[PDB]
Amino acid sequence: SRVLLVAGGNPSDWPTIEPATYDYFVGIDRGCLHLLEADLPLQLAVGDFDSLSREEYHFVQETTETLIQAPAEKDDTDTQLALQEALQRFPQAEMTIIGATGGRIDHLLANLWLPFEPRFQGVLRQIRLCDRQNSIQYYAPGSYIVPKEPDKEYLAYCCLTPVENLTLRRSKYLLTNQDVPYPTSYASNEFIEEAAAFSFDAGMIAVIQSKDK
């Protein structure tokens, strides 16, 4: 199953959205207005909403089929929350996160690092960060094949941690049994034939496919 989570970021940085392929639509704070003004469903609405006018928060209030209202002073970001909740409703679903990039970078990182958290690690394989130019997936140790997304021009293996014994095949550039001692971002690989593959014994890796301006 497919859930789309929409954060406050600007919708111009959004990926190509095809609503037929999403089953549940979550709004985070301003993503709610953003989903709505985009003529897209709004099933869940999450956050403190302290970035909206009363006239906007009522609009959201009247439309979402479910409003989770948080305090302003809490631990979790609105987004950790939306993910926690959407995962309750859809424990095996693919979480496509959106509007979480293109601006503040301390906020981008907080999103890039969501799989790191115990409550999410279990579903790192379903957590998916997207914007017009990038497309990020997560992987724990193992052996995988990565099918090329059509619109993306480049491939990258970003080790978010020290990685052990990393081998890449079926891609313009290779590593065999490479040790990655500190976070390294093997950055501008390219696909050779519709799919590449890699294996590694330890750490985490964000697989980023992307394309230019």
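The first residue of the sequence shown is number 1, and the count goes up from there.
**Student:** Highest mean C-alpha temperature factor of the two stretches 180 to 188 and 58 to 66, which is it?
**Tutor:** 58 to 66 has the higher mean C-alpha B-factor.
**Student:** Do the CA atoms of 73 to 81 or those of 99 to 107 have the higher mean B-factor in the entry?
**Tutor:** Per the PDB entry, the higher value belongs to 73 to 81.
**Student:** So if I compare the CA B-factors in the entry for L175, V163, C158, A38, which one is the largest?
**Tutor:** Highest CA B-factor of the listed options: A38.
**Student:** Would you mind checking which of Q88, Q137, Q121, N134 has the top Cα temperature factor in the PDB entry?
**Tutor:** Comparing C-alpha B-factors across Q88, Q137, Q121, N134, the maximum falls on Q88.
**Student:** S53: which third of its chain by C-alpha temperature factor?
**Tutor:** Answer is middle: the recorded C-alpha B-factor places it there.
**Student:** Using the temperature factors of the C-alpha atoms in this entry, rank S199 within its chain: lowest, middle or highest third.
**Tutor:** Tercile = lowest for this residue's CA B-factor.
**Student:** Quick check on the deposited entry: does the C-alpha B-factor of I145 sit in the lowest, middle or highest third of its chain?
**Tutor:** As the PDB entry reports it, the C-alpha B-factor of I145 lands in the lowest third of its chain.
**Student:** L168's Cα B-factor: lowest, middle or highest third of the chain?
**Tutor:** Lowest third, going by the recorded CA B-factors of the chain.
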